[PDB]
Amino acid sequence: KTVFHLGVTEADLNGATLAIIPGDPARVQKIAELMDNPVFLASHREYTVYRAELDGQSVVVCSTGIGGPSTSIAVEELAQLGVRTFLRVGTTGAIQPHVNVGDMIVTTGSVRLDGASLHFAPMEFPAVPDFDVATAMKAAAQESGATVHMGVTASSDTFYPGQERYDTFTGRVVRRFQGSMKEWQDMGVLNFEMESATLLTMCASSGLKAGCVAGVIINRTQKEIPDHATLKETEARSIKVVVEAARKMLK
């Protein structure tokens, strides 16, 4: 009745079949408050859960935490409660020279640099978004006036070595990931983040519609540091975009 990790019931969802799923629990209330009649439902672990109304339809907002494992729990438990459509809104590091801080990226497929995707489909299976969700995300992002890029996202189980960061305690990156950022750059991959491979593989193989849109908070090829103002704005724009994409998915 009450799902084990999220701490909500189906009735708590007031009929919602669509969820917006940010990684950060603090983003949940901010998203819900862009909609009508936001209601705090539960907070346990990394899972903060709200409901709100969008054009008269109930929508759930639930954080995932960082990484495929905590994401897979949230998606599973929301699906048990009747949710069928999942819109991730994230932050991301761009790896292409002119994909700038404050731009939006809508993932068309993910490099599966994760482990949880393999718990739903073998590696051969594409970590692909639902076409309708990706279409809605692209439309919402473009209509907002943001600069939007569609393309492949490298989705890593780590922030540090799997994104080929060397400014770390050991200063070492395992053989598998040595040279990997340049490899992805040369293959036209746009960005790194940490949940899309699990989310897209799990949903595409389980009868659930999913997509990922993320605001660029750092460009690994740029040396200029964004300010708080640009970042706040990037975060605000990303949540307005994902709510508009949700509007486009409702029926």
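So that there is no doubt, residue numbering starts at 1 and follows the sequence shown. For the two forms, the rigid core is made up of the largest set of C-alpha atoms that agree within 1.5 Å on superposition.
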| task | Between 214 to 222 and 184 to 192, report the one with more C-alpha displacement in 9 other deposited structures of this protein relative to this form after a rigid core superposition. | result | 214 to 222
| field | Segment of greater CA departure in 9 other deposited structures of this protein, 126 to 134 or 94 to 102, core superposed | value | 94 to 102
| message | What about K240, left without coordinates in a third or more of the other entries of this protein that model its neighbours? | response | no
| field | Coordinates lacking for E10, a third or more of other entries | value | no
| field | Mean C-alpha B-factor comparison - 71 to 79 and 138 to 146, higher one | value | 138 to 146
| remark: Of 223 to 231 and 238 to 246, the stretch with the higher mean C-alpha B-factor in the deposited entry is 223 to 231
| field | Residue with maximal Cα B-factor (values as given in the PDB entry) among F40, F192, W184, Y47 | value | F40
| task | Pick out which of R175, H98, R172, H119 has the highest C-alpha B-factor in the PDB entry. | result | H98
| query | Lowest, middle or highest third: where is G109 by Cα B-factor in its chain? | reply | lowest
| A197: which third of its chain by C-alpha temperature factor? | lowest
| note | Entry-reported C-alpha B-factor of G90 relative to its chain, by third, is middle
| message | Quick check on the deposited entry: does the C-alpha B-factor of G215 sit in the lowest, middle or highest third of its chain? | response | middle
| request: Determine, from the deposited record, the chain-internal third of the Cα B-factor for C203: lowest, middle or highest. | output: lowest
